[PDB]
C-alpha cells in the first residue's frame, strides 16, 4: 500500500518500508544551483579538451616528476655531449693518423 | 579527476618520500656521471693506445 | 497511467515509477544563459 512518501510492503513473512525527506526553501534553490553549476565546469573542461592540451599536459606532469630529479633531461644531454666529445677526439685521432 | 592529476600526483607523493632522502634522484645522476666519467677516461685510454 | 510529471507503470510483477523537478525563476534564466554561452565558446574555437 504505497501512498506518496510512504513505501510499505508487508510480505508473507517480512516487512518492507521506506520514507524520505527532501527540500527546504534556502537549500533547495542552493541544491538546484549546485546541480546546474557542475554542468558549467563540465563545459569548461570540454572547451580545454577541444583546444588541445590533454595528452600534452599529461606528459608534462609525468616528465616534471623526472624533472624533480635535477632537470633529468639535462643529464640526457651531458652524455650526448660525451658522445660529441668522442667524435671530437676522433677527428683529432684520425688527424693524428 | 577529469582534468588529469591522479596517478601523476600519486607518483609525486611516493617519490617525495624518496626525496626526503636528500634528493634521491640526484644520487641516481652522480653514478650516471660516474659512468660518463668511465667513458671519458676510456676515450683517453683508447687515445693512449 | 502516465500523467504529466507522473510516470508510473505497475508491470505484471514489477512497479516502475519516475518523477522529476526543474526550473526556478532566477536559476532557470541562468541555466538557459549557460546553454547559450557554450555555443559562443564553440564558435570562438571554431574561428581560431
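Protein chains in written order, with the deposited numbering: chain A, 620 to 716; chain B, 668 to 716; chain B', 620 to 667. A prime marks a further copy of an entry chain. Built from N, CA and C at the ideal position, the CB exists for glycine as well.
#### Entry: Host beta strand (DSSP E) of residue 645 of chain A (start-end)
Counting along the chain, residue 645 of chain A falls outside any beta strand (DSSP E), though it belongs to the alpha helix (DSSP H) covering 644-670.
### Proximal chain A residues relative to residue 671 of chain B, where beta-carbon distance stays under 7 Å
676, 677, 680
#### Entry: Inter-residue Cα distance where the pair is residue 712 of chain B and residue 701 of chain A
15 Å
### Query
Cβ atoms of residue 626 of chain B' and residue 638 of chain B': under 9 Å apart, would you say?
yes
### Message
Alpha carbons only, please: which of A/708, A/669, A/688 is nearest the one belonging to residue 708 of chain B?
### Response
A/708
### Query
Where residue 662 of chain B' and residue 683 of chain A are concerned, what is the direct C-alpha to C-alpha distance, given to the nearest angstrom?
34 Å
### Query
With a cut-off of 9 Å, does the C-beta of residue 706 of chain B fall near any C-beta of chain A?
yes
### Task
Kindly list, in the order they appear in chain A, the residues whose Cβ is closer than 7 Å to that of residue 710 of chain B.
704, 705, 708
### Task
Would you mind working out which of B'/636, B'/630, B'/631, B'/632 sits nearest residue 624 of chain B', comparing C-alpha positions?
B'/636
### Query
Helix, strand or coil for residue 673 of chain B per DSSP?
coil
### Query
Counting contacts by CB-CB distance shorter than 9 Å, is residue 645 of chain B' in contact with chain A?
yes
### Task
Determine the chain A residues that contact residue 653 of chain B' at a beta-carbon separation under 8 Å, and present them in chain order.
655, 658, 659, 662
### Query
Taking the continuous alpha helix (DSSP H) assigned at residue 706 of chain B, which residues delimit it?
691-715
### Query
Who pairs with residue 626 of chain B' in a beta bridge, going by DSSP?
B'/637
#### Entry: Spatially closest choice to residue 691 of chain A from B/670, B/674, B/690, B/669, by CA coordinates
B/690
### Query
When the Cα atoms are used, what is the spatial distance from residue 676 of chain B to residue 634 of chain B'?
46 Å
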